[PDB]
Each structure stands twice: as C-alpha cells, then as structure tokens.
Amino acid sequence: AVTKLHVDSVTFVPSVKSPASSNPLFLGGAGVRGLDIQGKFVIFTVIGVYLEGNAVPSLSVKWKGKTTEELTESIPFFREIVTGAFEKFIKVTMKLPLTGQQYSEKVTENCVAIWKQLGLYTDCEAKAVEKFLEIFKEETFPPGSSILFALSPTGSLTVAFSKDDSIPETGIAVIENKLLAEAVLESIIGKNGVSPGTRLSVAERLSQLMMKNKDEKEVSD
C-alpha cells in the first residue's frame, strides 16, 4: 500500500529518514499547489507528506473502516493527523522559482488571523513567526529545490533545505512552537489548505492502510 508516488514531474519515495529524528517515515500522500492565473492553472510547488508508522494504529482506533470520501471531507480526521502525537514530515519541491520571503509569507498568511480568531495568539507565536520569517528571509528556491519541514510529536518544527530531492541528515533550525508547527501542515492539508490533491491522496492511502495495519504492519521499523 505504501508505494512511491509520481506527482507532476517529481517522484516521492515510499520512505524517508527524518532530518530531525533520523526515524523512518512513510509516504502518506502527495499532490500539487497550483492556482488559476489568467485562465491557466499554474503549478507553484509539488508536495509530499510523510507520517510516522505508529500514526496508523493510532488513527485506526477511531477511523478504521472509513472510506476515502468520508476521510477527505472530515475536518476532525485531518485535525487528528495534524495534532497527533507523532512525527510528520513535509517535502515541498518548487516547480516555479520562489524567494524565501515569498514562500514564507505565503505559508503563514493566515495563521495569525486564525490564532486570534481562536483566542490563542500569544507572544510565543509572534516570536515563532518572526523566527520562521528570518530563517527564510535571505533564501532563494530555484525549480527543483526543496523545503523540508519536520514536525515533532510535541510540536517542534525543524526546517531544512535541499538543492534537489535528497533529504539532509540534519536540519538547519528548530522553532519550538506547537501552533506554528501545526499551522505549516494545516496550510497544506487542512480545511483551508492550499492543496486539495495532497489532502485527497492522504485520505485515500490512510483509508487503505487502516484496514490493513493489524497483521500486515507495513509501517513497522
């Protein structure tokens, strides 16, 4: 069930080693981030989402048996993935050239308003966003380069970069803020996310994996 995925011209492998924990993570799903510009659907980035193996049995408790459609429309299901006490990893590969400032401002364009809406915006989050922006401030990402995000089980966000599809053995910096960490993944597969394709892909694959898990345990190690 955990096969590689070909999205646009990129190929996401079945498993990657987390630059933060060095633990293996399986390919949950992949898709593109694009938008209609003057009549043409322009693809900006190609995204892959990886999850920790223990996430399958964890999610199975409440979601085993749900169909792809049921999981795709489920706000609670994806919120459980985003806030789950397990590691998540995101590989964002550029198709179009993007500057670190453009990209970082795009990923965080809604989180502040969202946190204020929920009454959760504190100085900790303000500092986290500032740090996030500083990390990307002077970076440039040509087509083919990648931005890697590792979300720890407790909410720490590790940021790393790559010139291609390779995954570095360690990250660049870590932002210790659960809300910002979750916001990065939410911006992709959440209800207000930018990639319907990635959300659908994750739903489809997890629906199948949760009905297997038991005695197949394909996400072990």
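Sequential numbering from 1, following the sequence displayed.
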Fill in: Stretch exceeding the other in mean C-alpha B-factor - 177 to 185, 155 to 163
155 to 163
Fill in: Of 193 to 201 and 207 to 215, the stretch whose C-alpha atoms average the higher B-factor in the entry
207 to 215
Fill in: Maximum C-alpha temperature factor, selected from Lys95, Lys116, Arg79, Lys88
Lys95
Item to complete: Could you say which of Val46, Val49, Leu35, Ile172 has its CA atom at the highest B factor, as listed in the PDB entry?
Response: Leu35
Worksheet, complete the sentence: Entry-reported C-alpha B-factor of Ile135 relative to its chain, by third, is middle
Response to the item:
Chain thirds by Cα B factor, record data; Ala55 belongs to the middle
Practice prompt. Can you work out whether the C-alpha temperature factor of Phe149 puts it in the lowest, middle or highest third of the chain?
Written response: lowest
Worksheet, complete the sentence: Of the three thirds of Cα B-factor ranks in this chain, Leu71 occupies the lowest
